[PDB]
Amino acid sequence: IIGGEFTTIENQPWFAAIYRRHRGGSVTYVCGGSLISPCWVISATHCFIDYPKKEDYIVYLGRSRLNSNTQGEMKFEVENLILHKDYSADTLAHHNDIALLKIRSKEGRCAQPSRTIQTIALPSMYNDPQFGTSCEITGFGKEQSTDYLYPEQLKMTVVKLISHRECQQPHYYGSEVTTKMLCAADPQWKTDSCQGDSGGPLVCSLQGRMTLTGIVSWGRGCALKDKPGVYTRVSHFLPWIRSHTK
Ligand SMILES: N=C(N)c1ccc2cc(/C=C/c3cccc(CCO)c3)ccc2c1
């Protein structure tokens with residue numbers, strides 16, 4: 001996250017921290033995720049497509065820091081890694097950028113909801129917020145595009161939804177951004193999601209209800225003028241999520 005503020009897991013309790021174990025035993029951060037039900041984390045397929053072995057991943061819930069065992073955190077393995085069959089990547093645009101991770105503690109249990117571990121409600125069909133709506137993003141992603149290290153402390157920011165017609169402008173993304181994708185950005189281009197924020201939540205308060213409107217997917221650079229962050233429109237994937245979590 002470029003700009004924004006530092007935060008803690010208590011303010012983002014649906015936030016999942018996903019890491020990968022490498023041969024030799026080193027563990028690195030991969031992407032963010034969202035708890036949608038106690039056994040299920042939703043994220044982006046692009047985060048896992050090149051390393052699709054479920055055994056390699058570690059999921060934390062209730063974790064506030066990249067390298068701290070936050071009090072109340074829960075560690076999980078991936079019981080089932082579900083990648084979208086129609087996932088694809090163009091030069092910029094990522095299509096069907098959605099993944100489901102069935103989580104399991106070493107005792108075979110799913111998440112235990114607490115003050116720091118909570119689910120985030122899914123959107124309803126054909127009911128996404130209107131353009132100009134403020135939404136929040138959370139992640140351990142880059143603070144600057146020039147950084148190679150991720151922040152130690154979890155960050156969040158607030159961005160505004162951009163209409164499809166504005167996002168299809170030639171100086172924006174033209175026809176590369178589709179109706180299955182949501183653009184969101186800072187009108188001043190100072191805050192945005194960035195590399196390492198992928199898979200993470202775009203949470204919108206809609207009709208008084210805190211909703212998982214999007215999933216951090218793609219963008220041209222980070223906090224670049226006329227280059228919004230592009231998010232998977234979760235409302236389009238309700239049949240896919242339902243069928244794959246049953
Ligand atoms: N402008 C944005 N909001 C935005 C959103 C998502 C982004 C996602 C990336 C992803 C980078 C990436 C993906 C897969 C592998 C790798 C190399 C391993 O570090 C890098 C980069 C910039 C981004 C910028």
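Draft legend 1. Looking closely at the environment of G141. When you line up the elements, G141 lands in the loop between β10 (134-139) and β11 (155-162). Setting aside chain neighbours within four positions, we find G141 in contact with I1, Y150, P151, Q195, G196 and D197.

Draft legend 2. Just the UniProt feature "active site" in the chain, in detail. Cross-referencing UniProt, the feature "active site" maps to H46, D97 and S198 in the present numbering. These annotated residues cover 153 residues of sequence, and their C-alpha atoms lie no more than 9.6 Å from one another, placing them together at a single site. Here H46 lies in the loop between β4 (40-43) and β5 (57-61). With sequence-adjacent residues up to four places away left out, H46 is seen in contact with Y87, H94, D97, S198 and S217. Its place among the elements puts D97 in the loop between β8 (94-95) and β9 (99-104).

Draft legend 3. Expanded view of the site of the ligand. Close to the ligand lie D192, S193, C194, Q195, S198, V216, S217, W218, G219, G221, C222 and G229. Within the side chain of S193, an N or O atom sits 2.7 Å from a nitrogen atom of the ligand. Taken by itself the ligand offers 560 Å² of open surface, and the protein chains cover 61% of this. In terms of residue count, strand β14 (residues 209-218) provides more of the shell around the ligand than any other element does, three residues in total. Of the residues assigned to the shell around the ligand, the class counts are four nonpolar, seven polar and one charged.

Draft legend 4. Quick look at helix α2 (residues 238-245). Buried residues of α2: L238, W240 and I241, and no others. Within α2, the buried residues cover an arc of 165° as seen down the axis, which keeps them to one side. Seen from the buried face of α2, the exposed residues on the opposite side, beyond 90 degrees, are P239 and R242. Residues of α2 that are buried make contact with β3 (27-37), β4, β6 (74-83) and β9.

Conventions and cut-offs
In this document, every chain is numbered from 1 following its sequence as written, which may not correspond to the numbering used in the entry; residues for which no coordinates exist are not shown. Hydrogens and water molecules were not included; the side-chain quantities draw on all heavy atoms of the structure. Residues with missing side-chain atoms are left out of burial classes, side-chain pairs and their counts. Helix numbers and strand numbers start at the N terminus; a helix is a DSSP run of H or I with at least 4 residues, a strand a run of E with at least 2. We call two residues contacting when some pair of their heavy atoms lies within 4.5 Å. UniProt positions are given in the numbering used here, feature names are shortened, and annotations may be inferred rather than shown by experiment. Any residue with a heavy atom lying within 4 Å of a molecule or strand is counted as near it. Side-chain atoms alone can form a polar contact between residues adjacent in sequence; in general such a contact is a pair of N or O atoms within 3.5 Å, and within protein one must be able to donate a hydrogen while the other accepts it. Using a 1.4 Å probe, the Shrake-Rupley method yields the accessible areas, and only the shown protein chains count as cover for residues. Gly counts as polar in this scheme, as do all residues outside two lists: the nonpolar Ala, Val, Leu, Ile, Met, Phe, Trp, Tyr, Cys and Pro, and the charged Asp, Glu, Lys and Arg. Each residue gets one of three labels from its accessible area relative to the maximum for its type: buried under 20%, exposed over 50%, partly exposed in between, using a 1.4 Å probe on protein chains only. The arc in question is the one spanned by the directions pointing from the helix axis to the C-beta atoms.

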